[PDB]
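Engineer: There's a structure below that I have some questions on.
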Amino acid sequence: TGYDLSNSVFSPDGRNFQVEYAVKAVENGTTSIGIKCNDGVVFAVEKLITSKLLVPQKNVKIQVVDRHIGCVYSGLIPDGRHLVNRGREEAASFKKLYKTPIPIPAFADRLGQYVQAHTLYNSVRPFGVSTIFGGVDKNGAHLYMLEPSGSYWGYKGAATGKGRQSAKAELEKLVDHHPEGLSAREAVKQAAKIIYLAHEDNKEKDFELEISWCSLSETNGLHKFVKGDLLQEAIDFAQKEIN
Amino acid sequence: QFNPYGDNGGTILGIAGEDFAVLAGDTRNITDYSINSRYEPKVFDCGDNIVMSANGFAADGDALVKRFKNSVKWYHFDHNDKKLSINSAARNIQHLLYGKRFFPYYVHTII
Amino acid sequence: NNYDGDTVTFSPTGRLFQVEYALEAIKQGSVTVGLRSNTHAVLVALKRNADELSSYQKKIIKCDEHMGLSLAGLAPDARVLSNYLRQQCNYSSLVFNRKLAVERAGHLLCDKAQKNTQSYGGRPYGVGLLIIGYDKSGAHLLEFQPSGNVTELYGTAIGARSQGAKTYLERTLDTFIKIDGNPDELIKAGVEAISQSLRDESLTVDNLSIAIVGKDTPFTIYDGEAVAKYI
Amino acid sequence: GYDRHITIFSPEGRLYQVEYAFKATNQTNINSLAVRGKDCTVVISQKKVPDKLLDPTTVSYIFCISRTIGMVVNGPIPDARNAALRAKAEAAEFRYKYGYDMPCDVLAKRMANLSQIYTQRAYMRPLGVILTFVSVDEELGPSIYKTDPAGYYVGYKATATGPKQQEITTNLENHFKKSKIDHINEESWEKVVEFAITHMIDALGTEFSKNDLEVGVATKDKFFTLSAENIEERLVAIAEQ
Amino acid sequence: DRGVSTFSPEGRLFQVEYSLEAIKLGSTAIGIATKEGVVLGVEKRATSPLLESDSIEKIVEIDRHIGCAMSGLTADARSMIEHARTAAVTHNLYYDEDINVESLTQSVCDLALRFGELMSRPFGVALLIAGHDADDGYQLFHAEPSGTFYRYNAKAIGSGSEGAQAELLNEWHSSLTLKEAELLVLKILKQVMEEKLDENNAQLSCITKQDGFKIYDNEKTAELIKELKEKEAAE
Amino acid sequence: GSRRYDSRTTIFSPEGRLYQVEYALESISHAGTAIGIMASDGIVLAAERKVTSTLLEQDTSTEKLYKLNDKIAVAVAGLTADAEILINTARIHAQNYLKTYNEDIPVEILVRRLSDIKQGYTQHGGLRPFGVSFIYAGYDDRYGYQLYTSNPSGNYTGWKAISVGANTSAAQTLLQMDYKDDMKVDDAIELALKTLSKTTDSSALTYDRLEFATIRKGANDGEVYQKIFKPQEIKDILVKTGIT
Amino acid sequence: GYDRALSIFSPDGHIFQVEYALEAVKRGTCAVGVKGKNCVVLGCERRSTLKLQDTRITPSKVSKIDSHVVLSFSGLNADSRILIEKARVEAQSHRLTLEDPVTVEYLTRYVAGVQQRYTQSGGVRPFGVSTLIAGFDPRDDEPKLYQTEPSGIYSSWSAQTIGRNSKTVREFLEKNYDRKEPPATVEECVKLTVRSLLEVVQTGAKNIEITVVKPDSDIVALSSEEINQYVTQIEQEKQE
Amino acid sequence: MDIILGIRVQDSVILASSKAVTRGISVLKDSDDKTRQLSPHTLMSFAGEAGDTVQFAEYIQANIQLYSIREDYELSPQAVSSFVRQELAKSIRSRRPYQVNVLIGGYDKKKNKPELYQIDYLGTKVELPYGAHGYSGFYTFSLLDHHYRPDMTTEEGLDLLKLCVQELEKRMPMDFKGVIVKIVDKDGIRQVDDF
Amino acid sequence: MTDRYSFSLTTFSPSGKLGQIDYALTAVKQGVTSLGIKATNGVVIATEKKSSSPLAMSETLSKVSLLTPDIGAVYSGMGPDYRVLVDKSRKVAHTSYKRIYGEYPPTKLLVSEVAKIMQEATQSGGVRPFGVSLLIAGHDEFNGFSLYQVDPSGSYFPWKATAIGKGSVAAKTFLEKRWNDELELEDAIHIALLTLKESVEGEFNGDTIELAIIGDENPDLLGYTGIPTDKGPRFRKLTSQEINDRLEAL
Ligand SMILES: [Cl-]
Ligand SMILES: [Mg+2]
């Protein structure tokens, strides 16, 4: 054997074990989710409070690309940052040449091709993050989830991290119970609940909730963080549902 | 054709005493026959008890002072906060100026 | 085991052993403590010597008039990273006439350390850093790890037996955070914190290294007889 | 045995990395099929959307390379998209340099030559995909050309790709033995699509709903994919016969 | 094999740690810093009696105010010295002044870790950089291939280092004269050296503010050796 | 990374030998024997073709003997393809020298440069060495007739008579036995063929399994002529000496 | 470019590639250097398994770097040519800029620097060569003899040998060479050099090369008969 | 720089070269040797642009000396001249060409013949019985056309050369401060000290 | 990133073998039989068209390729390697010859260029050798007709007739019996079809056999008229119909 010792090597199955090993690093990370709604998307993430010494609200994990795209990820946090930095360069060159802000599907492939490129050579390591991202463009709302292999799809709801199965099960219920659609303000509240429910798989340390959102009506198509009253309202909603 | 230089006028003056030294300069800034500013300082405190002025083409003057001020900053970092002596500052400025020997800073410099 | 030959290789459980071995170099390094209030931020560093004839390895480095760090691990790597910070702080000043935010400083270090963990040939940085600073949003303290992970904190400690100081600061959190407009008391809290990581040795005059930055205080380092006040 | 890790010869003259890239082809467990009409070329592929959270409209293995050329992939989506983007860039450049639309067979050769390079150069791995290019070429007429990880390529009267490719292949072989011709003798593309689906149903032995299939159609001066309702309309026609 | 810039599980660079073993095999070099000057002494260690010992150059001038002694793979030191000399002279050209001993040492140590896959391996030589400047006075530095440098009051490197360092620990005090330091280096060298110490197989040097860096003659060192033996027999 | 698959072609063994050079020499020892013999009035180059097939086109073939310029020729032993790379370089080097100095290149200079190229592949670059040994036969107005040999190590030496390729041990003993300094070309021609005839792994030495060449001053007055022997000319010289 | 670090440290603190390059030197034919009162002599072994050689055209073991300095060697022959070429170029470059020929120490220091560079440069192996560099500085009558080796270290020698069985001839030179009184004349210096090679060589026929260098660019190589006379004289005195 | 002459006779080549080095309205030196020995039996005189002349001459000198050491053999005058021409032929299409004109006087030991080559800064080589560069030629060529014979001795060649220098001293506008004469023959290169 | 494989993947083993070349030759052995026969007034090159599937159109896949108007090539081994070699061979004929001399290269020199390319894959960094043996048939004014074999090592040999690939051992023995130096082109084509039938197992007709010749100039295939010196390509690919005609009188 030894097929797993080098990246970009096919096993006799037809698998790249190094990418599957990177997935294990993603599975190890904290829970992050994405919820598509009527006229936008909502992102949320679990921030494990390792210590009392962590400053609240000042270790921001959700990142913005351009002015209309939000990105969140689980796994090796630095790898995620590297991917977003690239995303920002890709979005900047698109706007520079084509004037219009980069569409979400276009942006999705830019990250997709870049992550896929890191499975082509043994001189690079695959990304140790699954990245949930999306936003609002001319064609409306889009939510995506990108994996270490470079594989991505459009989603109604997306989840990754240690509590992905708990979050997925909860996401599947929303899709079934709301066929006509979920509103932006609703999706924010649901996102809080799902992070709290997904926290049961990581319940040693208590956590800090962080939510962001793009919405054509609520945020005017721009990415904004959910803060203050709207955040506390979503936290209270989630606290009420676990009990 | 594009002329990269200009003349911002003004004048400067340096005199040395026994235990002191002065560097003076008028605060007028001009182009051609127009006044740009009646108060635009061009004599600067660069730290380590060194005062500097690069009079002539103001863009090159400001760029040079900026670089020398930055040179003083890194002299501290690289040499354990040692004070940059006036003779060492002079020699450092020679290299800044001569570095652009074939596209000069159009300035009369005094420290 | 078979997956620690270089940084470009993942283990079957999804671990980067070279990054973890670099992390191990920090644990071997001498203890250093960071803590802040709302007005000031303080670094306290236990310096280490080769023997009684040798000098004590300088742990604290200045980056700008408003920012600097303390190191634990490979000192040459700290020099590279501190030099990079100095340039980024300086780029911000010359180009934008703007003091570099301590948060951006951390983001820049994270991204620089990350590139070394994903490429063949290179190696991770073998040092941990505690960056303090005072900017437009008040006092700050960062903890840099060579995995790339940067973390903003009220207080922390890295190095050998850093768990003693880190537990102390976790208890003292409510006290030292409100030491506003008082440098000497914030330092005392830091000197008392680093004392919890001491074994057999005690804080002497050429052993202790303290730095401070704040509202009306440029980043300045205290060594030798200047720290005798706090022993 | 490092001769199995990179693209160099084994003692028996084999490239194991190429062979294992072929096995990655069936990792998606999807079967494709391509047939030619008189005026058109129809390609169909299974569409399996297992997760309920997926947006089914974004799940696709058929690509519009140029206005005239279409491409379906058998293999993982990351390599599929890698091959698609490159093919698009090649087809665009070809038009700019030589002043006419890139032919289906020429693109297939170009992508095959790229695939060949990965089998000879060590630092590049082969893509774990089989690319099936379809068009109505202005010179050669309806065309099906297929590329694999070995860098092999060839034109087809019809073809199939996937896990149950052999069953589909023989099903088509037996039809062309019977019909005695190189294509589907049919006027409209609508009925060529109906033929394609019908023969896939017989070979695989499964029934299809509108969301179980994905259809691409190449006509003169344009290639286009069919919507769920376009396929549903097509499935109704088969059922009522 | 394995990467050149690889970390061990304990958190050390293999190649740096292995280069330290090469330095232990090297000939002894001792440095002692006083308020009257810094003394540098080395074991020459001629591999054969036919080798002309005065051609063994293990003590070296970097500038008039900075000297340098070496131990280990001494061939590797040539480019380090060349860099140090250029750094010293270049700084004088840019700033019309002598360069600080620490700044010089730091410049040399920057080369140390510029290896990987830049040069192919670390240096296999340790340097004792002694000098004087107006700011920090007389200084002795130990520059390693790890890129690290420590300032020392006294330091021994090479094969007899750990034995000599323990001896320097006892003997050194802050009021040593230059003459006392000269004898102390000779004394400690004679202890750790394999062959019997004389003017031909051991070399002394010093750096003073007034006269700068000076390598001693074999005539001058011989008198210090004779002065040393008499003083040890005298009690 | 790629380190895993590096053979490290340019390293020393514990004994102080270059693995790849030693193995390239092992390769060359299976190649068809080539013999060079230097006489006082010319040089002979003789070489055995590697197990010939009856359908091989013999007259329009070049495997062993190549022409570098009008005055210098080489006999090859090893990989033909490798040799041709080096030959084209050597041909160019000769023309560069002529263009620079308006004089034909001295034999040793050409040999040294070609040998220096081989040396480079054993010390740096991480590539395999050229699996080739040359016998250089040439003439210049300084040293007159000269024989040299170079091998994959890049080491070259001068000879009066020398063999490369297969059975050099047996061939060199036979040459050392019958060679003498006042020898003529026609005698050297006979010695070369007699040596090959005994050291050959074939049943009997024939014209179709041989390449032959002479560098004489047999032209008209103080000028050198290269003669690459035709199949019929090898057939005649083989009968003339009484081997067939 | 090929980047691999071939010369690297081992756990015990050895660079094996440099040490294996020394083994190549140990395999090479013996070379000896003996400096007298007003001259230096470079003796060289030539192995006698090679008959049918052409000694006119065969590369000589001793090479002139300039008109006043010479270089002999032991080890890989192909490697030595590269060092000799570089040294010859540097010799002319020094005359061009300094307006003065190289000193023997300077030339040695250069050659040694080249050897060292190949011990910590990526993609290259060390030179499998040790050199003896001898000559006289410009306008100087003091003899100079230096040695270099693959690692890059160099040093001056009153007399020295390198190559195969060099430890035997070094043993001989160590007792036979007096520092207080070196070979006063050319004859004495050549004889001592030939004697030292006769401990190792085999026969004193075409196995020994002798090159004598004297001040002011006075270098000459001895012929077979000239060397054979020393061999004949030494053997007759030996039978006693 | 300015005046460089060359006369090939029966058994030798004779090169005369002016001693004056003028800049502006000042003769800075009146004992300048405008020549370099490329090899024991090859001498090159030079004239042209300030700095370029010596820089080029010494660069050629180094290359020929390097060749001599490498091969332990002296290049023929023909070979040296061809090397020099090629260097000037490269130079002329460089960013900044060498503005140097040269005469190469050599004695070929293999042929036992003197050889004089005239090469200008463009890389225009010609073998001649007599040569000159600059304005000198406008007087000396016609003079030598008349008085030169191919079978002359070295002494006759020197008298023929004196006749040129006298004519140049009479009719040339500038004071070139006499000439340094050198003879190249079978025994090598030597300088005539009283001219 | 970047091609870090700057070292040879083909190296000498202790026994003196070049492993990757030997293994490339093993790949050629597995390949389908192709052959070449040289006549007095022409050359014939032939091979079996092994169809990957009956749905595949074997006309689109050309095993016999035109390199120049007077030179053609066929192979045994790995088709993809062959295809890129033809592309490079066609280009090198222009860049390294026709754009310099204003005429097409002679067979031996084009062969030499192809051999160089294949030799470089045997020694250059980060590449395996080509897994093919080429048979190149061609004509030029001063050398006449010629037939060359080019192996993975980069070695090339001129042949009167030969075969490579699957049943080359038997095919070469067959050609030895039939070949003489007085063969006319039509007699060589006849022998080629006989030799090839031995190695072919399934169908044997113009659709499963690919065959081309280097013979007389073809003015009809030139595409233009008016230049007397330009007389048309000597390379001609025999049609499916033309092969079947000769199979009846077999
Ligand atoms: Cl292509
Ligand atoms: Mg002219």
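The chains in the structure tokens are called A, B, ... from first to last as shown; in each chain the residues are counted from 1, and the ligands are counted from 1 in the order shown.
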Show me, as a list in words, the residues of chain A whose atoms get within 6 Å of chain C, using only C-alpha atoms for the distance check.
Structural biologist: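 My answer is residues 21, 22, 24, 25, 53, 54, 55, 78, 123, 124 and 125 of chain A.
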Engineer: Report as a list in words which protein, DNA and RNA residues come within 10 Å of ligand 2, using only C-alpha atoms and all ligand atoms.
Structural biologist: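 Using only C-alpha atoms and all ligand atoms, I find these residues within 10 Å of ligand 2: residues 101, 102, 103, 117, 118, 119, 120, 121, 122, 123, 124, 125, 126, 127, 131, 132, 133 and 134 of chain H.
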Engineer: Can you work out which residues from chain D touch chain F at a cut-off of 10 Å (counting only C-alpha atoms) and hand them back as number ranges by chain?
Structural biologist: D: 2-3, 5-6, 122-123
Engineer: Restrict the distance test to only C-alpha atoms, flag each residue of chain B within 10 Å of chain E, and return the flagged residues as a ChimeraX atom specification.
Structural biologist: /B:78-80,82,84-96
Engineer: Filtering to N, CA and C atoms, could you give me those residues as a PDB file, in the first residue's frame?
Structural biologist:
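Dumped everything to part.pdb:
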ATOM      1  N   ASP B  78      16.971  48.140  14.365  1.00  0.00           N
ATOM      2  CA  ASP B  78      18.108  47.294  13.993  1.00  0.00           C
ATOM      3  C   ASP B  78      19.339  47.445  14.894  1.00  0.00           C
ATOM      4  N   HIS B  79      19.420  48.534  15.661  1.00  0.00           N
ATOM      5  CA  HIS B  79      20.610  48.808  16.481  1.00  0.00           C
ATOM      6  C   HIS B  79      20.273  49.171  17.933  1.00  0.00           C
ATOM      7  N   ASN B  80      19.314  48.447  18.507  1.00  0.00           N
ATOM      8  CA  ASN B  80      18.993  48.542  19.931  1.00  0.00           C
ATOM      9  C   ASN B  80      18.724  49.974  20.409  1.00  0.00           C
ATOM     10  N   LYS B  82      19.594  52.778  19.479  1.00  0.00           N
ATOM     11  CA  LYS B  82      20.744  53.679  19.504  1.00  0.00           C
ATOM     12  C   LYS B  82      20.363  55.020  18.889  1.00  0.00           C
ATOM     13  N   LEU B  84      20.730  58.108  16.591  1.00  0.00           N
ATOM     14  CA  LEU B  84      21.352  58.423  15.312  1.00  0.00           C
ATOM     15  C   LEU B  84      22.050  59.775  15.416  1.00  0.00           C
ATOM     16  N   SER B  85      23.377  59.753  15.354  1.00  0.00           N
ATOM     17  CA  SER B  85      24.171  60.977  15.418  1.00  0.00           C
ATOM     18  C   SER B  85      24.005  61.780  14.134  1.00  0.00           C
ATOM     19  N   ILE B  86      24.186  63.095  14.236  1.00  0.00           N
ATOM     20  CA  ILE B  86      23.966  64.005  13.107  1.00  0.00           C
ATOM     21  C   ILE B  86      24.881  63.684  11.916  1.00  0.00           C
ATOM     22  N   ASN B  87      26.111  63.269  12.202  1.00  0.00           N
ATOM     23  CA  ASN B  87      27.062  62.884  11.156  1.00  0.00           C
ATOM     24  C   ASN B  87      26.647  61.592  10.448  1.00  0.00           C
ATOM     25  N   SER B  88      26.022  60.683  11.195  1.00  0.00           N
ATOM     26  CA  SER B  88      25.531  59.425  10.644  1.00  0.00           C
ATOM     27  C   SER B  88      24.269  59.660   9.820  1.00  0.00           C
ATOM     28  N   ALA B  89      23.440  60.595  10.278  1.00  0.00           N
ATOM     29  CA  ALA B  89      22.234  60.991   9.557  1.00  0.00           C
ATOM     30  C   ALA B  89      22.594  61.620   8.216  1.00  0.00           C
ATOM     31  N   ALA B  90      23.625  62.461   8.226  1.00  0.00           N
ATOM     32  CA  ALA B  90      24.093  63.117   7.013  1.00  0.00           C
ATOM     33  C   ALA B  90      24.520  62.091   5.976  1.00  0.00           C
ATOM     34  N   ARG B  91      25.342  61.137   6.401  1.00  0.00           N
ATOM     35  CA  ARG B  91      25.828  60.094   5.503  1.00  0.00           C
ATOM     36  C   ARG B  91      24.687  59.224   4.983  1.00  0.00           C
ATOM     37  N   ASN B  92      23.710  58.946   5.838  1.00  0.00           N
ATOM     38  CA  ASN B  92      22.534  58.177   5.439  1.00  0.00           C
ATOM     39  C   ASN B  92      21.741  58.904   4.350  1.00  0.00           C
ATOM     40  N   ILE B  93      21.587  60.217   4.514  1.00  0.00           N
ATOM     41  CA  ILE B  93      20.877  61.048   3.535  1.00  0.00           C
ATOM     42  C   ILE B  93      21.606  61.090   2.188  1.00  0.00           C
ATOM     43  N   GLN B  94      22.939  61.107   2.210  1.00  0.00           N
ATOM     44  CA  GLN B  94      23.721  61.071   0.971  1.00  0.00           C
ATOM     45  C   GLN B  94      23.337  59.860   0.125  1.00  0.00           C
ATOM     46  N   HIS B  95      23.181  58.715   0.783  1.00  0.00           N
ATOM     47  CA  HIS B  95      22.834  57.473   0.099  1.00  0.00           C
ATOM     48  C   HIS B  95      21.391  57.471  -0.397  1.00  0.00           C
ATOM     49  N   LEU B  96      20.494  58.105   0.357  1.00  0.00           N
ATOM     50  CA  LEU B  96      19.109  58.278  -0.083  1.00  0.00           C
ATOM     51  C   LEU B  96      19.069  59.101  -1.366  1.00  0.00           C
TER      52      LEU B  96
END
Engineer: DSSP on the backbone: which residues in region 52-94 of chain D end up as strand (DSSP E)? Give the answer as a PDB file with N, CA, C and O atoms, in the first residue's frame.
Structural biologist:
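The resulting file, part04.pdb, is reproduced below:
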ATOM      1  N   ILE D  62     -23.741  17.272 -17.077  1.00  0.00           N
ATOM      2  CA  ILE D  62     -23.734  17.734 -18.466  1.00  0.00           C
ATOM      3  C   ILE D  62     -23.321  19.205 -18.505  1.00  0.00           C
ATOM      4  O   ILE D  62     -23.774  20.000 -17.683  1.00  0.00           O
ATOM      5  N   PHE D  63     -22.469  19.555 -19.468  1.00  0.00           N
ATOM      6  CA  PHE D  63     -21.909  20.903 -19.573  1.00  0.00           C
ATOM      7  C   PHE D  63     -22.039  21.465 -20.983  1.00  0.00           C
ATOM      8  O   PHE D  63     -21.872  20.741 -21.965  1.00  0.00           O
ATOM      9  N   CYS D  64     -22.320  22.764 -21.072  1.00  0.00           N
ATOM     10  CA  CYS D  64     -22.354  23.474 -22.349  1.00  0.00           C
ATOM     11  C   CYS D  64     -20.991  24.119 -22.593  1.00  0.00           C
ATOM     12  O   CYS D  64     -20.707  25.201 -22.073  1.00  0.00           O
ATOM     13  N   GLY D  70     -21.519  20.190 -26.651  1.00  0.00           N
ATOM     14  CA  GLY D  70     -21.937  19.779 -25.310  1.00  0.00           C
ATOM     15  C   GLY D  70     -21.050  18.655 -24.804  1.00  0.00           C
ATOM     16  O   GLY D  70     -20.453  17.924 -25.595  1.00  0.00           O
ATOM     17  N   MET D  71     -20.957  18.517 -23.485  1.00  0.00           N
ATOM     18  CA  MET D  71     -20.107  17.498 -22.876  1.00  0.00           C
ATOM     19  C   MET D  71     -20.756  16.918 -21.623  1.00  0.00           C
ATOM     20  O   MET D  71     -21.186  17.664 -20.743  1.00  0.00           O
ATOM     21  N   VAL D  72     -20.813  15.588 -21.553  1.00  0.00           N
ATOM     22  CA  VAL D  72     -21.219  14.883 -20.334  1.00  0.00           C
ATOM     23  C   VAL D  72     -20.006  14.164 -19.739  1.00  0.00           C
ATOM     24  O   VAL D  72     -19.160  13.640 -20.469  1.00  0.00           O
ATOM     25  N   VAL D  73     -19.931  14.144 -18.411  1.00  0.00           N
ATOM     26  CA  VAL D  73     -18.803  13.539 -17.711  1.00  0.00           C
ATOM     27  C   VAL D  73     -19.254  12.336 -16.891  1.00  0.00           C
ATOM     28  O   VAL D  73     -20.315  12.363 -16.259  1.00  0.00           O
ATOM     29  N   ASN D  74     -18.440  11.285 -16.920  1.00  0.00           N
ATOM     30  CA  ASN D  74     -18.567  10.172 -15.990  1.00  0.00           C
ATOM     31  C   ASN D  74     -17.372  10.183 -15.053  1.00  0.00           C
ATOM     32  O   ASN D  74     -16.262   9.857 -15.459  1.00  0.00           O
TER      33      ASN D  74
END
Engineer: So that I can see what lies close to region 169-173 of chain H, please list as a PyMOL selection string the residues with an atom at most 12 Å from it, counting only C-alpha atoms and leaving out residues fewer than 5 positions away in the same chain.
Structural biologist: chain H and resi 2-3+18+134-140+162-164+178-179
Engineer: Put those residues in a file: N, CA, C and O atoms, as an mmCIF file, in the first residue's frame.
Structural biologist:
data_model
loop_
_atom_site.group_PDB
_atom_site.id
_atom_site.type_symbol
_atom_site.label_atom_id
_atom_site.label_comp_id
_atom_site.auth_asym_id
_atom_site.auth_seq_id
_atom_site.Cartn_x
_atom_site.Cartn_y
_atom_site.Cartn_z
ATOM 1 N N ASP H 2 45.686 58.007 -31.396
ATOM 2 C CA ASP H 2 45.614 58.630 -32.735
ATOM 3 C C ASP H 2 46.437 57.842 -33.761
ATOM 4 O O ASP H 2 45.870 57.220 -34.665
ATOM 5 N N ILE H 3 47.762 57.864 -33.619
ATOM 6 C CA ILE H 3 48.660 57.286 -34.626
ATOM 7 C C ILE H 3 49.148 55.896 -34.239
ATOM 8 O O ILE H 3 49.887 55.738 -33.268
ATOM 9 N N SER H 18 51.918 56.141 -31.392
ATOM 10 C CA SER H 18 52.167 57.469 -30.806
ATOM 11 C C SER H 18 52.128 57.455 -29.281
ATOM 12 O O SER H 18 51.408 56.664 -28.676
ATOM 13 N N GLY H 134 43.298 55.530 -38.475
ATOM 14 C CA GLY H 134 43.056 56.958 -38.327
ATOM 15 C C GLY H 134 43.573 57.750 -39.510
ATOM 16 O O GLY H 134 43.709 57.219 -40.615
ATOM 17 N N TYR H 135 43.875 59.022 -39.271
ATOM 18 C CA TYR H 135 44.317 59.924 -40.332
ATOM 19 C C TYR H 135 45.729 59.618 -40.837
ATOM 20 O O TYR H 135 46.094 60.037 -41.934
ATOM 21 N N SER H 136 46.518 58.901 -40.035
ATOM 22 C CA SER H 136 47.875 58.499 -40.415
ATOM 23 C C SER H 136 47.934 57.894 -41.816
ATOM 24 O O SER H 136 48.787 58.264 -42.624
ATOM 25 N N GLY H 137 47.017 56.967 -42.089
ATOM 26 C CA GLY H 137 46.971 56.246 -43.362
ATOM 27 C C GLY H 137 46.929 57.128 -44.598
ATOM 28 O O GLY H 137 47.498 56.783 -45.635
ATOM 29 N N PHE H 138 46.264 58.273 -44.487
ATOM 30 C CA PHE H 138 46.158 59.214 -45.600
ATOM 31 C C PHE H 138 47.513 59.722 -46.093
ATOM 32 O O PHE H 138 47.624 60.174 -47.230
ATOM 33 N N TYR H 139 48.532 59.648 -45.239
ATOM 34 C CA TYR H 139 49.895 60.000 -45.618
ATOM 35 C C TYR H 139 50.769 58.769 -45.840
ATOM 36 O O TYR H 139 51.502 58.694 -46.827
ATOM 37 N N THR H 140 50.694 57.807 -44.922
ATOM 38 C CA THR H 140 51.643 56.691 -44.900
ATOM 39 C C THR H 140 51.418 55.657 -46.005
ATOM 40 O O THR H 140 52.381 55.088 -46.512
ATOM 41 N N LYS H 162 60.841 55.456 -40.097
ATOM 42 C CA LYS H 162 61.316 56.814 -39.814
ATOM 43 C C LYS H 162 60.795 57.803 -40.849
ATOM 44 O O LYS H 162 60.451 58.938 -40.522
ATOM 45 N N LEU H 163 60.746 57.358 -42.098
ATOM 46 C CA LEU H 163 60.277 58.189 -43.203
ATOM 47 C C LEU H 163 58.798 58.543 -43.045
ATOM 48 O O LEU H 163 58.372 59.634 -43.430
ATOM 49 N N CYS H 164 58.024 57.617 -42.479
ATOM 50 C CA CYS H 164 56.611 57.859 -42.185
ATOM 51 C C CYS H 164 56.442 58.847 -41.036
ATOM 52 O O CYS H 164 55.657 59.789 -41.138
ATOM 53 N N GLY H 178 56.030 61.885 -30.822
ATOM 54 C CA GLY H 178 56.832 60.745 -31.278
ATOM 55 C C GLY H 178 56.136 59.405 -31.114
ATOM 56 O O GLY H 178 54.953 59.351 -30.780
ATOM 57 N N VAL H 179 56.878 58.320 -31.338
ATOM 58 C CA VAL H 179 56.311 56.968 -31.305
ATOM 59 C C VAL H 179 57.155 55.972 -30.509
ATOM 60 O O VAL H 179 58.365 56.141 -30.367
#
Engineer: Give me, as a PyMOL selection string, the residues of chain D touching chain I, with the criterion being at most 7 Å (counting only C-alpha atoms).
Structural biologist: chain D and resi 8-13+113+116+120-123+151-152+154-159+173
Engineer: Any chance you could export the current selection's C-alpha atoms as a tab-separated table (two decimals), in the first residue's frame?
Structural biologist:
chain	number	residue	atom	x	y	z
D	8	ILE	CA	5.71	5.38	-14.81
D	9	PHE	CA	5.84	1.88	-16.31
D	10	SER	CA	5.48	-1.25	-14.21
D	11	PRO	CA	7.55	-4.35	-15.12
D	12	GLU	CA	4.62	-5.62	-17.26
D	13	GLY	CA	4.38	-2.30	-19.16
D	113	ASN	CA	-3.71	15.20	-25.66
D	116	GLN	CA	-2.03	11.98	-22.36
D	120	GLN	CA	3.60	10.76	-19.15
D	121	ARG	CA	4.44	13.67	-16.83
D	122	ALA	CA	4.87	12.70	-13.16
D	123	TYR	CA	3.80	15.83	-11.23
D	151	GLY	CA	-5.54	9.90	-23.38
D	152	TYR	CA	-7.39	7.61	-25.79
D	154	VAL	CA	-12.42	7.88	-30.77
D	155	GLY	CA	-15.62	8.74	-32.65
D	156	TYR	CA	-18.81	6.76	-32.01
D	157	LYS	CA	-22.02	5.82	-33.84
D	158	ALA	CA	-23.41	5.65	-30.33
D	159	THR	CA	-21.92	5.02	-26.89
D	173	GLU	CA	-25.24	-2.93	-30.65
